[PDB]
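Enquirer: any chance you could fold what I've pasted below:
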Amino acid sequence: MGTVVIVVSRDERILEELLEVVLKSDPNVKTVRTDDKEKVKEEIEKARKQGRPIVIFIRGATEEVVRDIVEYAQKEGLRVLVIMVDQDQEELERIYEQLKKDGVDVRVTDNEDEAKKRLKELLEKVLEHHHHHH
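Expert: Numbers count the residues shown, from 1 in each chain. See below for the structure:
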């Protein structure tokens, strides 16, 4: 159908571990790492043309980056699953409250292992495609 997973981490080593999780879960899921928020949108449309899931990886995505990409994926009619993992948690909670307000699937934590567990967890909800958040 088409499904977008927004991964926001401000630490390098988190993005690559979460990429590893997508590859070990399923390689056919489209994976993207551009921190250019417009270039993300280009690859969102491409994934909708492929009619498949896509996992976006951005280093240091501030609130106005994340909300801007999430609402765009919703314009396309795609299901949005958002992981935000970094030690600047209160910052990620302002992103969280903005997206949660809409009813977007969101989660915030700061832990390598937890991030990687909940990464595969989302990918399994997407392949199953039964558990839509709202």
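Enquirer: residue contacts, residue 89?
Expert: Contact analysis of residue 89 by Cβ atoms under 8 Å, 6 or more residues apart in numbering lists 108, 110. Every residue, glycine included, has its C-beta placed from N, CA and C.
Enquirer: shouldn't residue 2 be in contact with residue 45?
Expert: No. Here residue 2 lies out of contact with residue 45, judged by Cβ atoms under 8 Å, at a distance of 9.6 Å.
Enquirer: when those two are compared, which one has more neighbours?
Expert: residue 2 (19 against 14; other Cβ atoms under 10 Å).
Enquirer: quick one, phi/psi of the more buried one?
Expert: phi 130, psi 120 (degrees, to the nearest 10).
Enquirer: kindly report the same for residue 29.
Expert: phi -60, psi 120.
Enquirer: same question for the one 10 residues further on.
Expert: Dihedral angles of residue 39 (phi, psi; degrees, to the nearest 10) stand at phi -70, psi -30.
Enquirer: so how far is residue 45 from it?
Expert: Going from residue 39 to residue 45 by Cβ to Cβ, to the nearest Å gives 11 Å.
Enquirer: give me the common contacts of the two.
Expert: Joint contacts of residue 39 and residue 45 (Cβ under 8 Å, 6+ apart) do not exist.
Enquirer: any idea how far residue 43 is from residue 73?
Expert: 11 Å.
Enquirer: same question, residue 29
Expert: Counting by Cβ to Cβ - residue 29 and residue 43 are separated by 13 Å.
Enquirer: shared neighbours, these two?
Expert: Counting by Cβ under 8 Å, 6+ apart, the residues touching both residue 29 and residue 43 are residue 54.
Enquirer: residue 73 and residue 43: which has the busier surroundings?
Expert: residue 73 (27 against 18).
Enquirer: now name the helix or strand holding that one.
Expert: helix 63-75 (DSSP states H and E).
Enquirer: what's in contact with the following helix or strand past that helix?
Expert: Downstream of helix 63-75, the first helix or strand assigned by DSSP H and E is strand 79-85. Contact partners of strand 79-85, identified using Cβ under 8 Å, 6+ apart, comprise 1-9, 14, 18, 66, 70, 73-74, 92, 95-96, 99, 104-111, 114-115, 118-119, 122, 125-126, 129, 132-133.
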